Amino acid sequence: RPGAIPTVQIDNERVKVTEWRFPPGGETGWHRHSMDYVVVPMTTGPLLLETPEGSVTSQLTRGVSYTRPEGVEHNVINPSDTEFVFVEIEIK
Amino acid sequence: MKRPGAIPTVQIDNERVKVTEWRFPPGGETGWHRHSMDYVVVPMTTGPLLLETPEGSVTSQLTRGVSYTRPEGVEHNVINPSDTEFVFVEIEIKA
Ligand SMILES: [Zn+2]
Ligand SMILES: [Zn+2]
């Protein structure tokens with residue numbers, strides 16, 4: 001797949017904030033989250049998450065934030081024909 | 001005369017963070033406040049904000065999705081000088 005593009009916006013003693021910009025069909029690659037994190041979606045739409053429990057399609061809504069814990073392990077894919085963006089705030 | 005209030009909606013409030021969506025009517029403001037925590041601002045709207053601090057007033061240009069951080073201790077009033085609603089998500093980091 002094409003690669004999603006992470007841009008780190010903030011990396012201080014308290015948080016690391018990364019913008020993830022997905023081209024259509026783009027993926028993060030598999031990773032494991034080492035920190036609790038908050039997601040602020042900048043786009044409304046579905047994401048495809050490959051997870052240890054299998055494939056999960058999730059609905060994100062622009063401007064509706066949510067949090068997930070340290071230990072989440074997955075590959076995130078943009079299953080749409082448009083760009084998808086979200087901001088991820090990892091708590092240190 | 002009084003500017004309309006910006007409206008806070010708490011999205012997350014847990015051991016680690018408090019995340020509040022702030023929605024500004026046209027011309028709207030926060031009122032003066034003091035930030036008790038380091039915080040992250042994720043703008044949801046591209047546009048100017050007018051920031052009133054003890055020393056003066058400045059126009060700051062925000063871009064949707066371009067975050068920034070400010071430290072504990074900020075004292076200000078924040079105003080939306082535009083003719084349309086301005087929205088940002090504020091992530092306060094608990095100690
Ligand atoms: Zn992830
Ligand atoms: Zn403030």
# chains A, B, ... in the order shown; residues from 1 in each chain; ligands from 1

$ interface_residues --of "chain A" --to "chain B" --cutoff "10 Å" --atoms "only C-alpha atoms" --output "list in words"
residues 8, 9, 10, 11, 12, 14, 15, 17, 18, 19, 36, 37, 38, 40, 41, 42, 43, 62, 63, 64, 65, 66, 67, 85, 86, 87, 89, 91 and 92 of chain A

$ closest_atom_pairs --of "chain A" --to "ligand 1" --cutoff "7 Å" --atoms "only C-alpha atoms and all ligand atoms" --output "tab-separated table"
residue	atom	partner	partner_atom_place_in_ligand_line	distance
A:31	CA	ligand 1	1 (Zn)	6.3
A:32	CA	ligand 1	1 (Zn)	6.8
A:33	CA	ligand 1	1 (Zn)	6.2
A:74	CA	ligand 1	1 (Zn)	6.3
A:75	CA	ligand 1	1 (Zn)	6.9
A:76	CA	ligand 1	1 (Zn)	6.6

$ residues_around --residues "residue 56 (chain B)" --least-positions-apart "3" --cutoff "12 Å" --atoms "only C-alpha atoms" --output "PyMOL selection string"
chain B and resi 50-53+59+75-77

$ closest_residue --among "B:55, B:15, B:72, B:83" --to "ligand 2" --atoms "only C-alpha atoms and all ligand atoms"
B:72

$ closest_residue --among "B:28, B:18, B:41, B:84" --to "residue 6 (chain B)" --atoms "only C-alpha atoms"
B:28

$ atom_distance --atom1 "CA of residue 2 (chain A)" --atom2 "CA of residue 24 (chain A)"
7.9 Å

$ closest_residue --among "B:60, B:54, B:34, B:45" --to "ligand 2" --atoms "only C-alpha atoms and all ligand atoms"
B:34

$ atom_distance --atom1 "CA of residue 10 (chain B)" --atom2 "CA of residue 60 (chain A)"
17.7 Å

$ closest_residue --among "B:48, B:78, B:8, B:86" --to "ligand 2" --atoms "only C-alpha atoms and all ligand atoms"
B:78

$ atom_distance --atom1 "CA of residue 85 (chain B)" --atom2 "CA of residue 45 (chain A)"
22.5 Å
